[PDB]
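> Need a 3D model of the sequence below.
(6 chains)
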Amino acid sequence: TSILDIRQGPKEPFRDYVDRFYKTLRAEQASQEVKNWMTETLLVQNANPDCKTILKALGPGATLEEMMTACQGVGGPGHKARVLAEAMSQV
Amino acid sequence: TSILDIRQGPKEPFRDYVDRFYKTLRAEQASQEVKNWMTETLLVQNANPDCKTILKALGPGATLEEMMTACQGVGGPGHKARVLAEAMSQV
Amino acid sequence: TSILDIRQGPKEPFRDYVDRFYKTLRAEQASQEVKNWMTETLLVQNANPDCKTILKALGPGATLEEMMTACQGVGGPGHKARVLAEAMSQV
Amino acid sequence: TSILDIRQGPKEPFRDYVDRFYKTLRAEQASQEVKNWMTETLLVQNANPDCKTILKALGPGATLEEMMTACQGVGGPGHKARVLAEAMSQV
Amino acid sequence: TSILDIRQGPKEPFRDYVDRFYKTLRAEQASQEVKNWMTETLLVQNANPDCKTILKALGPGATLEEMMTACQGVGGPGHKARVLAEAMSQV
Amino acid sequence: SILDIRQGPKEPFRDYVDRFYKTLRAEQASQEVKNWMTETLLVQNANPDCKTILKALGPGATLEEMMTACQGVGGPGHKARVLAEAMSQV
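Numbering: from 1, shown residues only, chains lettered A, B, ... in the order given. There you are, the coordinates:
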């Protein structure tokens, strides 16, 4: 297992991916400074398109509590419907 | 294992989450006064948008059994359609 | 475990909830006469809206066998579509 | 369990339901003549609306191997879509 | 078990059914000519409507790898949509 | 057999590549053959939706370039975009 191979599934809840991310990151042989830098880069890059789009609107300076509260709706009826509703207006 | 890490999944029924909440809350080393304050605060805060939207409409003073009965529709055919139908009107 | 904590999930089939209900009702330490009263009251109240909507339409004089035959369509293609179509007409 | 409690779930394949039906019928204490009559009556009566709609259209005289082939389409994209389309025109 | 009872589920991938088909065929007491004739006959008949629809367009002569590649799309986002779109146009 | 590994219609790409490489590490072959297997089967035995995305990426792309393009398949945005293009296509 490698922290770089950790990617968020398309139907995986955000709370679990960050769980495996932090579950595996606590094992990667590196310094705490590197592990914090990993968090700043990987976590937002290896997320799925739906979650990444939500995070790009948050701007910088957000915390997990700010991310996860914004992503635990992804995969929910309001999200899936809103996404499916915006597409019909796009087409 | 921390009570603050307990978050409702987007496809998780409200019942399970409250069970994990109280199953996890039963382990947190704290005073009973603080644990009651947790329930009033986190339980509805760490929920997903669909339930929090329903719970925000109940207002305050609502009882557990009073809420759990209002969220067991989320994820059902009647709900998903009502969500999907109101969304088409939103756009 | 308590008879009052047994509630049907939003995506759970009826045939199972009644199984959990009667599996727990046979465990509650109480008299047989009161347990029948539980059946008449809890079973239809602690169900989800979709099944409750169909059971309320049967009226009084049901026999459980008449209910379960009326709810095994909930969650199926015919139902989910029928529900989604009636909502499309509203908005 | 009792053969009369065997009911097809809304999301259960017909092949599985008929599997449990015969799995239980081989245990119910009854005569071969009694068990044959059960097959003719319950199997099509305890089925879900989607399958019963297909089997009611076949009429009588239909054979097992002739029914299974008519119900293993239920739950497929063509079915759910065809059903999901006819309802939109019905409402 | 029996090779004649092997039927493709409505929500089952093809590669699994062909897996179970050959899993059972390797046990059926028969001649190699019988098993080959089984393969040419049952495999396409006991498939579900969606897959049988695609195979009927391939005609005869097609090879396994030639078929399997045409059926691993059934149940995917592109398939379910194409099926749902042709049905909306049919009515 | 490495040839029998195919991506299901509802299987994530990251899982199929796992099973793909899980078998390839056992197949008795030369390193050159296993690399050629990777270059050929991996993109061919995937499902239409993922293959549709990979056919658009062209050649010269690495796994990290693919996996990052297929983890949207099966997500709400994907099924919706696909379902929206189909309504206009038909």
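> Make sure residue A:4 is actually in contact with residue A:42.
Yes. Counting by C-beta atoms under 8 Å, residue A:4 touches residue A:42, with 7.0 Å between them. To be clear about C-beta, it is placed using only N, CA and C from the backbone, and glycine gets the same treatment.
> Now name the helix or strand holding residue A:24.
Counting by DSSP states H and E, the element that carries residue A:24 is helix A:14-25.
> and the next element down the chain from that helix?
helix A:32-45.
> got the contact list for that following helix?
Contacts of helix A:32-45 from elsewhere in the structure, counted by C-beta atoms under 8 Å, 6 or more residues apart in numbering or on different chains, are A:3, A:4, A:6, A:18, A:21, A:25, A:28, A:30, A:52, A:55.
> Can you tell me which residues in chain A are near chain B?
A:13, A:15, A:68-69, A:72-79, A:81-82, A:84-86, A:88-89 (C-beta under 8 Å from any C-beta of the partner chain).
> Next, count neighbours for residue A:44.
15 (other C-beta atoms under 10 Å in any protein chain shown).
> Same drill for residue A:4 and residue A:42, tell me which one is more crowded.
residue A:42 (16 against 11).
> and the gap between the more buried one and chain C?
Distance of residue A:42 to chain C, given as C-beta to the nearest C-beta, to the nearest Å: 33 Å.
> try residue A:8
Taking C-beta to the nearest C-beta, one finds residue A:8 at 24 Å from chain C.
> roughly how far apart are that residue and residue A:63?
18 Å (C-beta to C-beta, to the nearest Å).
> These two: who's more crowded?
More crowded of residue A:8 and residue A:63, by other C-beta under 10 Å: residue A:8, with 25 against 9.
> Pretty sure the more buried one sits against residue A:50.
No. Counting by C-beta under 8 Å, residue A:8 sits too far from residue A:50 to count as a contact (9.5 Å).
> tell me which of the contacts of helix A:32-45 is nearest to chain D?
residue A:52 (29.1 Å; C-beta to the nearest C-beta).
> Return the residues in contact with the closest one.
Contacts of residue A:52 (C-beta under 8 Å, 6+ apart): A:44, A:45.
> what about it, which SS state?
helix (DSSP: H, G, I helix; E, B strand; the rest coil).
> Show me the residue sitting in the middle of chain A in space.
The residue lying closest to the centre of chain A (C-alpha atoms, centre = their mean) is residue A:47, at 4.3 Å.
> any idea how far the nearest residue to residue A:27 once chain neighbours are set aside lies from residue C:23?
Excluding its sequence neighbours, the residue lying closest to residue A:27 (C-beta to C-beta, 6 or more residues apart in numbering or on different chains) is residue A:1, at 7.5 Å. Per C-beta to C-beta, residue A:1 is found 41 Å from residue C:23.
> So for those two, which sits in the more crowded spot?
A side-by-side neighbour count of residue A:1 and residue C:23, using other C-beta under 10 Å, places residue C:23 first with 12 against 9.
> what about stretch A:70-82 and chain F, touching?
Yes. Counting by C-beta under 8 Å from any C-beta, chain F has neighbours in stretch A:70-82: A:74, A:75, A:79, A:80.
> doesn't residue A:86 make contact with the third one?
No. Shown here, residue A:79 and residue A:86 do not form a contact pair, counting by C-beta under 8 Å, at 10.6 Å.
> who has more neighbours, those two?
A count of neighbours by other C-beta under 10 Å puts residue A:79 above the other of residue A:79 and residue A:86, at 22 against 17.
> doesn't residue A:7 make contact with residue A:24?
No. The criterion here is C-beta under 8 Å, and residue A:24 misses it with residue A:7 at 11.6 Å.
> neighbour count winner among those two?
residue A:7 (23 against 15).
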